[PDB]
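[1] Could you work out the structure for the sequence below:
(one chain, ligands or ions: 1)
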Amino acid sequence: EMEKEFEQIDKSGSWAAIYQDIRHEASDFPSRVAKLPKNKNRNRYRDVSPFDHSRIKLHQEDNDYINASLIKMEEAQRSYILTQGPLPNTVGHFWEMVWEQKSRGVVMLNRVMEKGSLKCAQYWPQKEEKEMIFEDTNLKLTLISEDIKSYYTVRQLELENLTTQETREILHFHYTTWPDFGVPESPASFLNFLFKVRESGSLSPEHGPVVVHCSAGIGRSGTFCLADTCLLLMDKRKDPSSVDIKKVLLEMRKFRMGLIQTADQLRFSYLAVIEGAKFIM
Ligand SMILES: COc1ccc(CN)cc1OC
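    Numbers count the residues shown, from 1 in each chain. Provided below are the atomic coordinates:
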């Protein structure tokens, strides 16, 4: 059981070394569409690109590019869209993707400002009475209700397709307490947040894939969908020990580069999964 492997890596302090093996073993696939010069202003970081094979395509015929990847975990029957925090000029694209993919939830793992810089556009309304219209994509977005708690906020949004007058209810799950530097001391609140998302049905196969992001959509977003997938495989399987967090992470990396940015995030994922199991007993 990984619990023993955890103590071993921890007692030897081999985390940086484990992490480097994963870096070296990780897939590399073309990302030609991301690097086209017409798409330069659709990427927040020049070194974080979706692979062409797993990129989400917008159904607008002009330019179908968005920095988003579909991560399909076949065994766990789970899918996720990892994307970057939208830019001022991609908020309309972001909501179009949510519409086109029939997503039920958006999980946000960053504050709009961290380290005194902007990590993300304000892409949802702040007040009931002040809805947002995206002109470029013919979508209207309305805050319905907002439920602020210590570690996270849940918002009920209405997304209206102005073209067809269809409306959908979107859930916004905003983990608001990820520290500016490093990782939470305890995974307790992250695990509570994860289950809250599960309970909503946002991760369920009767809906399009959940959209998950931080600023880049590889670090904290990686930790979210690594933990969800590992915990799900632990119920699914005859034998728990089978599930190897390093194998699951490398399988996820075939879909999006860089998932889990630091050895700290690797250690924290182990801790979340180990603790997360401990709540099954
Ligand atoms: C019958 O449905 C499922 C069975 C197993 C898993 C996960 N291994 C997910 C499912 O989705 C509902």
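[2] ok, the closest residue to the ligand within the chain to residue 270 distance?
    Closest residue of the chain to the ligand, C-beta to the nearest ligand atom: residue 236 (3.3 Å). For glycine as for every other residue, the C-beta is placed from the backbone atoms N, C-alpha and C. To residue 270, residue 236 is 19 Å away according to C-beta to C-beta, to the nearest Å.
[3] and the two? which has more neighbours close in?
    Higher neighbour count among residue 236 and residue 270: residue 270, with 23 against 12, using other C-beta atoms under 10 Å.
[4] and the more buried one, that's in a helix?
    Yes - residue state for residue 270 (DSSP: H, G, I helix; E, B strand; the rest coil) corresponds to a helix.
[5] State the distance from it to residue 11.
    14 Å.
[6] now residue 22
    Using C-beta to C-beta, residue 22 is found at 20 Å from residue 11.
[7] Same check on residue 77?
    Distance of residue 77 to residue 11, computed by C-beta to C-beta: 36 Å.
[8] Equivalent analysis for residue 164, please.
    As judged by C-beta to C-beta, residue 164 and residue 11 stand 59 Å apart.
[9] hmm, back to that, ok, the residue of the chain closest to the ligand touching residue 74?
    No - using C-beta atoms under 8 Å as the test, residue 236 is too far from residue 74 to be in contact (11.7 Å).
[10] Mind listing what's buried along the strand or helix carrying residue 68?
    Of the helices and strands defined by DSSP states H and E, residue 68 is found in strand 65-73. For strand 65-73, the neighbour count (16 or more other C-beta atoms under 10 Å) marks 65-71, 73 as buried.
[11] Stretch 122-137 too?
    Neighbour counts over stretch 122-137 (16+ other C-beta under 10 Å) mark 123-125, 132, 134, 137 as buried.
[12] Determine which two of these are furthest apart.
    Maximum pairwise distance among those (C-beta to C-beta): 15.8 Å, between 125 and 137.
[13] So for this protein, the centremost residue is which one?
    Compute the mean C-alpha point of the chain, and by C-alpha atoms, centre = their mean the closest residue is residue 212, 2.5 Å away.
[14] Okay, and the beta partners of that one?
    Residues in a beta bridge with residue 212, per DSSP bridges, are residue 82, residue 107.
[15] got the contact list for it?
    Listed by C-beta atoms under 8 Å, 6 or more residues apart in numbering, the contact partners of residue 212 are 80-83, 107, 109, 221, 224-225.
[16] next one: residue 136
    Under the criterion of C-beta under 8 Å, 6+ apart, the neighbours of residue 136 are 92-93.
[17] Could you shift the numbering so residue one becomes 317, and keep it that way?
    In the new count, where the first residue is 317, that last one comes out as residue 452.
[18] Pretty sure it sits in a strand.
    No - Residue 452: not assigned to a strand; according to three-state DSSP it is coil.
[19] tell me which parts of this structure are close to the ligand?
    Within the chain, the positions adjacent to the ligand are 392-393, 521, 548, 552 by C-beta under 6 Å from any ligand atom.
[20] can you rerun that using 8 Å?
    Residues of the chain found near the ligand (C-beta under 8 Å from any ligand atom) are 391-394, 520-521, 548-549, 551-552.
[21] Strands - which of these land there?
    Counting by DSSP state E, the members of the residues of the chain next to the ligand that fall within strands are residue 394.
[22] which stretches of the stretch 467-597 of the chain form helices?
    504-515, 536-552, 561-568, 579-593 (DSSP state H, counting those that start in this stretch).
[23] and the ones you listed, which is most packed in?
    The highest mean neighbour count among the helices of the stretch 467-597 of the chain, using mean count of other C-beta atoms under 10 Å, belongs to helix 536-552: a mean of 23.
[24] now the helices: where do they sit in the stretch 317-466 of the chain?
    Secondary structure of the stretch 317-466 of the chain (DSSP H, counting those that start in this stretch): helices at 318-327, 331-341, 348-351, 407-416.
[25] for the longest one, the distance to its chain's centre please.
    Spelled out, it's helix 331-341. Distance of helix 331-341 from the chain centroid (C-alpha atoms, centre = their mean, to the nearest Å) equals 22 Å.
[26] try the first one
    The chain centre lies 27 Å from the centre of helix 318-327; the measure is C-alpha atoms, centre = their mean.
[27] likewise stretch 570-578?
    Counting by C-alpha atoms, centre = their mean, stretch 570-578 is centred 11 Å from the centre of its parent chain.
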